[PDB]
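Enquirer: Have a look at this one before I ask anything.
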Amino acid sequence: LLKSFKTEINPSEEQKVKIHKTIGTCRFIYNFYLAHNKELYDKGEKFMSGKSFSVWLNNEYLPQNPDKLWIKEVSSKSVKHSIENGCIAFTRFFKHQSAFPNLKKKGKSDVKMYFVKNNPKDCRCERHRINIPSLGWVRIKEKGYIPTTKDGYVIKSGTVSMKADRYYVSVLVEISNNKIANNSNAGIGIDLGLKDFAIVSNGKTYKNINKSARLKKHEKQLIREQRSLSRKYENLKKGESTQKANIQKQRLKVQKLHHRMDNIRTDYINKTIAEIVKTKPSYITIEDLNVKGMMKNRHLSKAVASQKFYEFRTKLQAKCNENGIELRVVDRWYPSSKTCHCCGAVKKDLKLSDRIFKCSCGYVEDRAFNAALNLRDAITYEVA
RNA sequence: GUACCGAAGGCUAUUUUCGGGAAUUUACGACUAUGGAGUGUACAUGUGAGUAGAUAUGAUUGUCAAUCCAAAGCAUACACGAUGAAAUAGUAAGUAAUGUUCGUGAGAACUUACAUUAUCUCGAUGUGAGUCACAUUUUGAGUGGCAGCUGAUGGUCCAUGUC
DNA sequence: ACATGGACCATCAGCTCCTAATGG
DNA sequence: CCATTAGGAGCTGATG
Ligand SMILES: [Zn+2]
């Protein structure tokens, strides 16, 4: 049972400069490996495998030119990890799993630094502070939410990140699973929609978190901040005052607003899944929703993006696999929103803008409720 | 002491706490020195436009025919503003006392006591001395009530502005 | 069509051994 | 000298 415990940390200035330098070197190494591979193909030679690119770097390039040996000044493990995940892009493009590599490009916050447990005595953790191989003891803001070494827990590896003025660490731990739950309640089903987040085939209704006053106020604030930030770029285009500081401040503010909205939405999804799973059903059937096609509709794109259907599905699948539940999903073209629950009529004149379902037998119910009931008693499905 | 901003890892708290605090009620966080006229709202007003976009909805061999359907911008209305808007460059966001130095300024550093989650603080239990020490302890905890499975690669969408 | 600078979407995986240097 | 802590090599054979 692989897990992760992502927590915010408290580096010092000397540790902050180390983190920044390591990330910069890793980005440079990724780009350099890509370019050298391109040049080799241009000539007509074979493919360098990354594990051999490192050997070429250590024994055939770095001695040759003494100009750039700052590479062996930052941790030698993060550099190797960056090279390997650069070669993973190529090995995924050779197979038809992905597209051609993409040249990380200077300046973002998506590149992290990787550390591993090398010796039998590092990566020791307490209620406060953790020991990371590149930096030493690093303080931890939240106490107890990282498996300590006092109570027989071991960290395999980890990653240090940086998002909007804050720093985080994410460590992965093998967890033993106990308390085998016995599921015996009647099964349920949930329909995912845009008027409400979810409607369950038992009566429970979860409203759209995006239709609340707080999120609307946040969106207004974000639009105002973006409009104010775009004036500084226009001003910068004219003069020669290239010492942008208010631009950095505005960028930080925009990133903070985005992060806050993400926090609200993620908390809502996690708590909703918690309540649904704690209700303890035997099985649940959901859908095979296609979000790309729905997002191709211009007037539905923003709402569908802000609803986060696929993330909810993945987290629900993880929790179901963890709690011993079974997840059922149906075909992409299963007639859920058109089939009556009494006679089985598959009426076709159902307009997309009707909130009430009415067929010939006289059955009348909400469209979402009818869809949830159709989902709960589905016959053909394949378990996720 | 309201809307907002900083901190207490995240969400929430009308009856959690410590600070700053308005262009003041679907309510443009506050000051500093230059800078001189704009900035904000229309989720409680029209046109762009049945237009872009989507259709496991029908007919002939890409059109026809039915069902849902934007946004930018322009135009209007209202609000605040020469008691100083945008932009540029900075300052602070635990409490008291004393006296210097530094900066144009908001302010900062060096001393004292308090408070506080100071690479730890607290609780509990046991032993010993006469309230203080030494050990063990996460099934103990970090303002209440609640939840946290991350990384890599690629793809696709979105917002703001100029022409 | 350029820049700005974000988010979510699908699918696939999560590091060991041996040597060689560092502080009193 | 010495428990610690760092570095170098490893596979994969492929229409940037
Ligand atoms: Zn019927």
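Convention: chains lettered A, B, ... in structure tokens order; per-chain residue numbering from 1; ligands numbered from 1 as shown.
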Around ligand 1, which protein and nucleic acid residues have at least one atom no more than 12 Å from it, if we count only C-alpha atoms (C1' of nucleotides) and all ligand atoms? List them as a list in words.

Expert: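 Selection of residues at most 12 Å from ligand 1: residues 338, 339, 340, 341, 342, 343, 344, 345, 346, 347, 357, 358, 359, 360, 361, 362, 363, 364, 365 and 370 of chain A.
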
Enquirer: What would the file look like if the residues just selected were written as an mmCIF file, in the first residue's frame with C-alpha atoms?

Expert:
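Once written, again.cif looks like this:
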data_model
loop_
_atom_site.group_PDB
_atom_site.id
_atom_site.type_symbol
_atom_site.label_atom_id
_atom_site.label_comp_id
_atom_site.auth_asym_id
_atom_site.auth_seq_id
_atom_site.Cartn_x
_atom_site.Cartn_y
_atom_site.Cartn_z
ATOM 1 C CA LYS A 338 -33.117 8.554 -21.600
ATOM 2 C CA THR A 339 -34.382 5.232 -20.208
ATOM 3 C CA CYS A 340 -37.544 5.208 -18.121
ATOM 4 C CA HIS A 341 -37.494 3.382 -14.792
ATOM 5 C CA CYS A 342 -40.920 1.759 -15.219
ATOM 6 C CA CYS A 343 -41.430 0.400 -18.738
ATOM 7 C CA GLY A 344 -37.925 0.788 -20.142
ATOM 8 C CA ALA A 345 -38.905 3.279 -22.845
ATOM 9 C CA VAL A 346 -35.917 4.925 -24.515
ATOM 10 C CA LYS A 347 -37.731 8.108 -25.626
ATOM 11 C CA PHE A 357 -38.364 13.581 -17.271
ATOM 12 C CA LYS A 358 -41.818 12.466 -18.434
ATOM 13 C CA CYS A 359 -42.503 9.355 -20.498
ATOM 14 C CA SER A 360 -45.766 7.789 -21.721
ATOM 15 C CA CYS A 361 -46.585 5.463 -18.802
ATOM 16 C CA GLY A 362 -47.123 8.496 -16.556
ATOM 17 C CA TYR A 363 -43.837 8.245 -14.630
ATOM 18 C CA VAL A 364 -42.450 11.667 -13.695
ATOM 19 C CA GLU A 365 -39.235 12.325 -11.761
ATOM 20 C CA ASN A 370 -33.914 9.048 -12.853
#

Enquirer: At a cut-off of 9 Å, can you tabulate as a Markdown table every residue of chain B near chain A together with its closest atom pair and the distance in Å to one decimal, using only C-alpha atoms (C1' of nucleotides) and ordering rows by chain then number?

Expert:
| residue | atom | partner | partner_atom | distance |
| --- | --- | --- | --- | --- |
| B:9 | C1' | A:142 | CA | 5.4 |
| B:10 | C1' | A:263 | CA | 7.0 |
| B:11 | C1' | A:267 | CA | 5.7 |
| B:26 | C1' | A:213 | CA | 7.6 |
| B:28 | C1' | A:224 | CA | 8.5 |
| B:53 | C1' | A:298 | CA | 5.7 |
| B:54 | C1' | A:297 | CA | 5.3 |
| B:56 | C1' | A:333 | CA | 7.1 |
| B:57 | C1' | A:348 | CA | 8.4 |
| B:67 | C1' | A:351 | CA | 6.2 |
| B:68 | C1' | A:352 | CA | 6.0 |
| B:69 | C1' | A:299 | CA | 7.2 |
| B:70 | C1' | A:299 | CA | 5.0 |
| B:71 | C1' | A:299 | CA | 8.5 |
| B:86 | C1' | A:231 | CA | 8.7 |
| B:87 | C1' | A:232 | CA | 7.3 |
| B:88 | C1' | A:241 | CA | 8.5 |
| B:89 | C1' | A:245 | CA | 8.5 |
| B:117 | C1' | A:141 | CA | 8.7 |
| B:119 | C1' | A:139 | CA | 6.0 |
| B:120 | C1' | A:128 | CA | 7.0 |
| B:138 | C1' | A:144 | CA | 8.5 |
| B:142 | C1' | A:143 | CA | 7.1 |
| B:146 | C1' | A:271 | CA | 8.4 |
| B:147 | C1' | A:271 | CA | 5.6 |
| B:148 | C1' | A:270 | CA | 7.6 |
| B:149 | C1' | A:4 | CA | 5.0 |
| B:150 | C1' | A:4 | CA | 5.3 |
| B:151 | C1' | A:159 | CA | 8.3 |
| B:152 | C1' | A:85 | CA | 6.6 |
| B:153 | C1' | A:89 | CA | 5.5 |
| B:154 | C1' | A:98 | CA | 4.9 |
| B:155 | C1' | A:98 | CA | 8.1 |
| B:156 | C1' | A:292 | CA | 7.3 |
| B:157 | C1' | A:295 | CA | 7.2 |
| B:158 | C1' | A:302 | CA | 7.1 |
| B:159 | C1' | A:223 | CA | 7.9 |
| B:160 | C1' | A:227 | CA | 5.6 |
| B:161 | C1' | A:230 | CA | 5.8 |
| B:162 | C1' | A:234 | CA | 7.8 |

Enquirer: Enumerate, in order of chain and increasing residue number, the residues of chain C with an atom no farther than 9 Å from chain A, each with its shortest atom pair and distance in Å to one decimal, counting only C-alpha atoms (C1' of nucleotides), as a tab-separated table.

Expert:
residue	atom	partner	partner_atom	distance
C:4	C1'	A:230	CA	7.6
C:5	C1'	A:251	CA	8.4
C:6	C1'	A:258	CA	7.6
C:7	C1'	A:305	CA	8.1
C:8	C1'	A:305	CA	6.2
C:9	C1'	A:310	CA	7.4
C:11	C1'	A:97	CA	7.9
C:14	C1'	A:2	CA	7.9
C:15	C1'	A:116	CA	7.5
C:16	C1'	A:118	CA	8.2

Enquirer: Could you list, as a PyMOL selection string, the residues of chain A having an atom within 8 Å of chain D when counting only C-alpha atoms (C1' of nucleotides)?

Expert: chain A and resi 38+41-42+47+49+51+55+76+94

Enquirer: To one decimal place, how far is atom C1' of residue B:20 from atom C1' of residue B:91 in Å?

Expert: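 A separation of 12.9 Å between them.
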
Enquirer: Show which residues sit within 12 Å of residue B:116, as a PyMOL selection string. Count only C-alpha atoms (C1' of nucleotides), and ignore same-chain residues fewer than 4 positions away.

Expert: chain B and resi 8+18+94-95+121
